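Colleague: Residue numbers (the deposited numbering), protein chains in the order written: chain X, 299 to 348; chain C, 696 to 744; chain E, 1 to 66; chain Z, 795 to 844; chain Y, 1142 to 1195, 1208 to 1263, 1280 to 1290; chain G, 16 to 67, 81 to 99, 106 to 242, 252 to 873, 888 to 1174; chain V, 10 to 125.
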Amino acid sequence: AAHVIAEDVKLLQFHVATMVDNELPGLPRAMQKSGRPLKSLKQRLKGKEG
Amino acid sequence: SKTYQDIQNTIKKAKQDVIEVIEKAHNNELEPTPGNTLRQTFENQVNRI
Amino acid sequence: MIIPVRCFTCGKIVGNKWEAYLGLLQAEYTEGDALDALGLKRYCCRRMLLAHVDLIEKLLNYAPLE
Amino acid sequence: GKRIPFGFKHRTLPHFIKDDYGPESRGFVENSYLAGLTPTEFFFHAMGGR
Amino acid sequence: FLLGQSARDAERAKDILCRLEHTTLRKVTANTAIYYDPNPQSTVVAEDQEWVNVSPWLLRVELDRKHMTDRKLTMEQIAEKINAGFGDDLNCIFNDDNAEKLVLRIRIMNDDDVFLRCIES
Amino acid sequence: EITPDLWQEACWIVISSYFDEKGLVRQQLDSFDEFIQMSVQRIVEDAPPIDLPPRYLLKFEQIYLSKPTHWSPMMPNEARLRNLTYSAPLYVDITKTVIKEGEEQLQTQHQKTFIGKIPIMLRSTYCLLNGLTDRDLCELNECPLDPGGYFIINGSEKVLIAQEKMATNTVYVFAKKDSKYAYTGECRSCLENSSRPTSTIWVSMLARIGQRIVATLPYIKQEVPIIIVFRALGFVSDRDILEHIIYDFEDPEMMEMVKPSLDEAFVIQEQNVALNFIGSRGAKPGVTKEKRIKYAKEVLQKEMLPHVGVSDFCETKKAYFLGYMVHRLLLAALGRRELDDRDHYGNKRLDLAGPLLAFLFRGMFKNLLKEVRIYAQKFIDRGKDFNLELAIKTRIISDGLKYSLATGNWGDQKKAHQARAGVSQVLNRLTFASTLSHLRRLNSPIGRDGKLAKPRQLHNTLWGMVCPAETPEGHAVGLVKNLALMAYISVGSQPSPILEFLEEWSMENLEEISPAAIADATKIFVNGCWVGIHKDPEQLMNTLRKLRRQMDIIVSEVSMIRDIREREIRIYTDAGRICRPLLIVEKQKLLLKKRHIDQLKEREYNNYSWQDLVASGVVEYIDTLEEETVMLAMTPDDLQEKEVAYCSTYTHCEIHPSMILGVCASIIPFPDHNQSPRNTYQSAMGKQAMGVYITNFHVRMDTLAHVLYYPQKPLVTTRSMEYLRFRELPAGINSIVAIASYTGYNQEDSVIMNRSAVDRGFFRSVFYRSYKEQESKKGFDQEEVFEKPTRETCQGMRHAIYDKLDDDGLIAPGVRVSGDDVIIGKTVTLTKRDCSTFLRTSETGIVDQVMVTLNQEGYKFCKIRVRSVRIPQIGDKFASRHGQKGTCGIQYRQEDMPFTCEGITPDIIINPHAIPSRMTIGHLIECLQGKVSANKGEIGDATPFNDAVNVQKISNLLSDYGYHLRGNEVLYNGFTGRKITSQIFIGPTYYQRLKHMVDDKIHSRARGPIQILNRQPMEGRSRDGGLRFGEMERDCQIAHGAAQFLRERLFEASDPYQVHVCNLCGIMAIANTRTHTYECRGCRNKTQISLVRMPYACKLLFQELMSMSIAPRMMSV
Amino acid sequence: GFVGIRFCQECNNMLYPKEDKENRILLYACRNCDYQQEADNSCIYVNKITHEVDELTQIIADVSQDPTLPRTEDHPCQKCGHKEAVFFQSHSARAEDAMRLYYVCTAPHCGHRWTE
Ligand SMILES: [Zn+2]
Ligand SMILES: [Zn+2]
Ligand SMILES: [Zn+2]
Ligand SMILES: [Zn+2]
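(1) Which residues in chain V sit within 9 Å of residue 75 of chain G, going by Cβ to Cβ distance?
(2) Give the range of the alpha helix (DSSP H) segment to which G406 of chain G is assigned.
(3) Determine the contact status of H716 of chain G and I978 of chain G, defining contact as a CB-CB distance below 8 Å.
(4) Going by CA-CA distance only, name the one from G:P1074, G:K831, G:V523 and G:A434 that's closest to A855 of chain G.
(5) Using a threshold of 8 Å, state whether the C-beta atoms of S1147 of chain G and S1166 of chain G are closer than that.
(6) At 3 residues or longer, and completely inside the region 553-625 of chain G: list those beta strand (DSSP E) runs for me, N to C.
(7) What are the start and end residues of each continuous alpha helix (DSSP H) run of 4 or more residues lying completely inside the region 1068-1122 of chain G, in chain order?
(8) For residue 77 of chain G versus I612 of chain G, is the C-beta spacing smaller than 8 Å?
(9) State the beta-bridge partners of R6 of chain E as determined by DSSP.
(10) Confirm the yes/no value for this check: CB of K88 of chain V, any heavy atom of ligand 4, distance under 7 Å.
(11) What does a CB cutoff of less than 7 Å around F404 of chain G pick up in its chain, not counting 5 residues either side in sequence?
(12) With a threshold of 7 Å (Cβ to nearest heavy atom), would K988 of chain G be considered close to ligand 1?
(13) Please decide whether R109 of chain V counts as near chain G, where near means a Cβ-Cβ distance under 8 Å.
(14) Output the distance between the C-alpha atoms of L240 of chain G and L374 of chain G, rounded to the nearest integer angstrom.
(15) Please name the residue or residues paired with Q143 of chain G in a DSSP beta bridge.
(16) Decide if the region 462-482 of chain G is in contact with the region 147-163 of chain G; the criterion is three or more beta carbon pairs, one per stretch, under 8 Å apart.
(17) Any heavy atom of ligand 3 closer than 7 Å to the Cβ of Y44 of chain V?
(18) Comparing C-alpha positions only, which one of G:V601, G:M594, G:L590 and G:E609 sits nearest to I576 of chain G?
(19) Which two residues bound the contiguous beta strand (DSSP E) that contains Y206 of chain G?
(20) Under 8 Å Cβ to Cβ from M368 of chain G, same chain only, skipping five residues before and after it: list those, please.
(21) Alpha carbon to alpha carbon, what distance is there between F836 of chain Z and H502 of chain G?
(22) How many angstroms separate the CA atom of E341 of chain G from the CA atom of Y815 of chain Z?
(23) Okay, do the region 674-688 of chain G and the region 620-635 of chain G touch, 3+ Cβ pairs below 8 Å being the bar?
(24) By how many angstroms is the C-alpha of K1219 of chain Y removed from the C-alpha of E105 of chain V?
(25) According to the neighbour-count rule (16 or more other Cβ atoms, all chains shown, within 10 Å of its Cβ), is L21 of chain G buried or exposed?
(26) Looking at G734 of chain G and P757 of chain G, is the spacing between their C-beta atoms short of 8 Å?
(27) Just checking: is the beta-carbon of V318 of chain X within a distance shorter than 8 Å of some beta-carbon in chain G?
(28) State the CB to CB distance for the pair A339 of chain G and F47 of chain G, rounded to an integer number of angstroms; the pair is presumed to be in contact (CB under 8 Å).
(29) Listed from N- to C-terminal order along the chain, which residues in the region 814-835 of chain Z have their beta-carbon within a distance smaller than 7 Å of any beta-carbon of chain C?
(30) Need the endpoints of the beta strand (DSSP E) that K457 of chain G sits in, please.
(31) Straight-line CA distance for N410 of chain G to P123 of chain G?
(32) Strictly under 8 Å for the Cβ-Cβ distance: is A20 of chain E near chain G by that measure?
(33) Quick check: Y84 of chain G and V126 of chain G, are their CB atoms within less than 8 Å of each other?
(34) Could you check whether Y1029 of chain G and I965 of chain G sit closer than 8 Å to each other, using their CB atoms as the reference points?
(35) Find the residues of chain Z that neighbour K710 of chain C, judging by a C-beta separation of less than 7 Å, and give them in chain order.
(36) Cβ atoms of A991 of chain G and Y43 of chain E: under 8 Å apart, would you say?
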């Protein structure tokens, strides 16, 4: 269903980007659904304590 | 005690001098220092004293 | 908490004077005449009794049993 | 860098009169640490040392 | 640093300072108002200045003296720079440097009522 | 008759009576009591009835609260020991009326439905300890000196720190530089205890025809021009507007200033296009015009200026209030009125444990109403008559409060990171002055890492409210603050009696005003609602004051401010206004006369009290905004005597000036003889001085406790530390200090202690560490149990000696234990894995007591605490009350210390160089007067501003006992016996021993445990970590050019590792070294492989790059 | 001088100034109404760039009963002749020069204010 495939790829794009950058502008921050934001690979090395 | 008397006399004179500078400002007799506002002149005078 | 056994500074036994101290205060000796009457001359011994706070009397309000 | 500011309306403390620019009225501690500070100049000293 | 003899006398160092310190009309102006004095010679504010110079409305701008003198300025250059700055739409009948009040009268000749406030502002 | 000086005695019979009536934590207790007695019922009462196919109405009534009970009454010490939450069930009467077709409604009242447990603050009006005698408190194993004012959450004492905020309902005009606005009239509005949070308004003026006034209404994205807003309130005419904004048209200047805002709006006249304008700026604008109007109509009715009123009050009363916001903006623009200082403490309020909890209860309640609504919907709407008693998820309140008081996240757990943090901190039991000051602690929410100095500066308005000295010198410096001794935070009272009284006395109500009257008439502001004007404000101020002085119509906490210059009377009754009592001055005499002092001296014997001083119009609670308008003498004999008059118009007099100090600062003697940062450092260290922290410490299982063996009462005290109860729970020893350089081991901020004094118990302390462990059903096959492991069955099992603990699986009191000894033997079945708990590494103490019990889950739970006698040693940090601090640098036996003519050796020798840069002359005067006190044989007074004391008077006394009048003595060198040529300043000074002992700090590593992710040393002593060789050390070794030691530190001594890499690419190859075979998948090469000595964190970095699709191809070429 | 806003008599809106291009005279017309009233002041607008304002116009007599405020006996009133007078600096922010002292007669039903 070409309708839903668009949303499927949009959500895959969200997960893959959030794997390497959780802090997208505007996009919902990926989380462990109990609150805590997901430390992306960027965040593993981004700043101090990288 | 003579040293304390000298210190106290000095402070008294300084307090009196600040009172006189205030009087000069209150009466508008305090001419501003160039560049300074009258307030900045007064504050500079008091800080110097 | 309890009275120190020896004056920390010099060594004089002050641990047998606290109840005497308080009894002399209860005779309404003035606070330094109690110390003069116990025999504490050095201000190092006097600050053992003057400064002592006898908290063990409060600790003994708590019951282990009865 | 300035004298004690008028944090009350036109005065430094309620003990002083409005527009008291006099020395002690603005933070001049005139005692010494052996003489001890007056309570007003103790507060001004605290403001300064902060 | 001052290169010429001006380096010594505070007087001829002062004019360098005036030639450097940015000085717009707001610094030397005192009181700026408007008036629909229906003729140049109508002189509703009672002035003899236009009568020797012989819009139904004008800007009047009484300037400051102790601020204009301290800059060694004159109405001459002020009016020149006005007319040059806005072009000959504006005419400025400035006062003379003998009167007590340092008025400029400014008119336009060829949405106008607010326009004097627009150019003054 | 009047007090003829001799006034110090009277002055401390007052104050003494205050602290009898209002113990130090009264501001917590009263806040909580008011929350439980009013605010809780208010919230449940003012929540609307819930309704919905037929629809019920569901409604709540008369909320009830029992005593705290475990299900039988839990004592707070039991809740503390069993890790329970000390709490009481909250019950409410619920009337359900379902009504349906055929007109058949049944109003069945579910009486006393259990809504949830609410946690009780200790010693409140609802704690079991309330009014309870000292005998009974000791019988409860409670401490009669313990203040209360904290919660027990799962056994932890949790204090609610009072959170500072901008005052609601009050207009403030600020200039915000770096913005398009020249001025901004802010308001933050709350009508009463609303579940809706405070709504904020701004009426800004654009700086840039110029000078256009905007308004930033809430729920509006754009910024409607104000004149549109007034037209939306229905005022067509430019003269009905401005009548609200310019109270006399006779002022041309405001008129010609406001004109350009009218020129921004003259395109709009009728209210309906104005509402279309506002609705079209809505954050959720409706498609049809009518919905846009209705949205904007609601916003103005309910969201703008709610404190002024809602519905009918919209089109007038708060039109006037918005007019006043504009008027004061215009004053701030003409400069007729100064800008409001955001950090003036009259502009602030303090959210105590009442409002802090009311906010949550409005958040956890309403949630419960949503829950029961959804339940009854699901049921009733399916024609399934619900039961509400199953609908009420009591978990919502009980766990919501429990959670927020535990974490301190002041909001839902769903959204805690969005909430405030650390509102609720574990009570500091370290020492009693720390407990008392933690309970009296205020906190600015201003961001730390906020670089602004102005919110950290000691503002002039904190006088008498907040300690000028007690602040954390850390990053929180000036943000965290402390109440002053007599400072009282107003708990809040209803304005309705005041409004009814103001309806008398010829007051003119705001909606009956002819606006021309406002020009020459004082405007009255009850809780920041403008409510009317008055022709004669010299009668109101005298009458409202008289009524406060009579306690009848106006409660003492109400503050009436008369702004003379601007004709405004502002009356605040709300809660969180910090205030302090002041003696009233009338003519020039005090009202406090010898009658009051005599009556109050026989107090209890006559049951007179401080409340009688208040209710006799003798003392008055003034608050920082009313303090703006008092003229405040500082003592009568100083300031009201017939000198050449300073003012002669004092309205009030300071009760005693030392009452500006807080709890830890008022233990400093002679603080007026110290440099102010040193009084701050003492206010810090005084929260670390070991003492006896509470007298029931033998029952506490606190995780960390330090108890001094022989804590002493100070030989010199402030009078204030009477009420701090410092002479009952003191923290320190008066020691014969000598200020001499001697052997030099005391040199840079260090002390030489007497070893023989230590041998006698000088500052000897005990350290109790409590270890808590409980049981659990981990799963079907997994279960923990207290049991001695045995190598036969327990598979996992440490190298430890498990036989020290007996077959219960619990070490017994009186057993010597050392680091990595087993304390609670514990097995978890897989046979059994070892899961036991070991004494912290290098702790080495004796088991003091072992307690065993059941937790909430009904699992066996034990807490073991181990004591550790800490004989002072080199490196232990001592300090004095004057911010002198220093490690013990060496200990000399009595034979080696210098000695006077008599054999008085010092106990502590501190280097002279501590003094001259720091000017802690209060330290020298303490030592001198302590030497007087110890000879004189009674405790000297060091109350700061006491002009009865001075150095010369002390020296005169000291010379009478046969000592040098300046405290110097000839000492003899202990080593050689020669007289020291300089006579040494020696005398009793009160030293403290701080929690910072060196054995708690010494740490070493040589290949200990390693992190799992990056194979570097673990972090911290407790983990047996390795010290961070940081960036700056890297730089310092580059500067050294010490590349070999830089390589070893940043590699070979941290994460030595190796990778094999392909020679053709630089992706790490696969290397089965175990068979010495190597390949790179992708080139299929097996010879082209080379080993690379490689930091593990570098390997890990490159694999974190490859997982981003980056090939950091390392090449040997 | 100045010019105030004169409001329309019909709509009570603000009257704008407009020249009579026929009779050559200043009018004050309305935007919403058709109300033409004949000007007298011949002025549109003024602007005191000096920011010269007399503070005695802004000083209100009620300040005398302020206990917070210094009292002199060194300058008597002029209308009545009271000895008592409170004095203060110009509270207005436009005061960088004006440390000048403004005095108010401390006597009810007088409120005479002056500057020395
Ligand atoms: Zn001794
Ligand atoms: Zn390869
Ligand atoms: Zn009209
Ligand atoms: Zn008069």
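For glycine and all other residues, C-beta sits at the position ideal for the given N, C-alpha and C.
Modeller: According to the structure shown:
(1) Note on chain G: consecutive modelled numbers read 67 then 81, so residue 75 of chain G has no coordinates in the structure shown.
(2) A396 to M407
(3) yes
(4) G:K831
(5) no
(6) 565-569, 572-577, 602-606 and 611-615
(7) 1088-1097 and 1100-1104
(8) Regarding the residue in question, residue 77 of chain G is not represented: chain G runs 67 and then 81, omitting everything in between.
(9) E:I13
(10) yes
(11) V55 and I58
(12) no
(13) no
(14) 15 Å
(15) G:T129
(16) no
(17) yes
(18) G:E609
(19) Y206 to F208
(20) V205, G219, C221, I235 and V237
(21) 14 Å
(22) 52 Å
(23) yes
(24) 18 Å
(25) exposed
(26) no
(27) yes
(28) Actually they do not touch by this definition, with Cβ atoms about 41 Å apart.
(29) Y815, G816, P817 and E824
(30) No beta strand (DSSP E) holds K457 of chain G; DSSP gives it neither H nor E.
(31) 18 Å
(32) no
(33) no
(34) no
(35) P817
(36) yes
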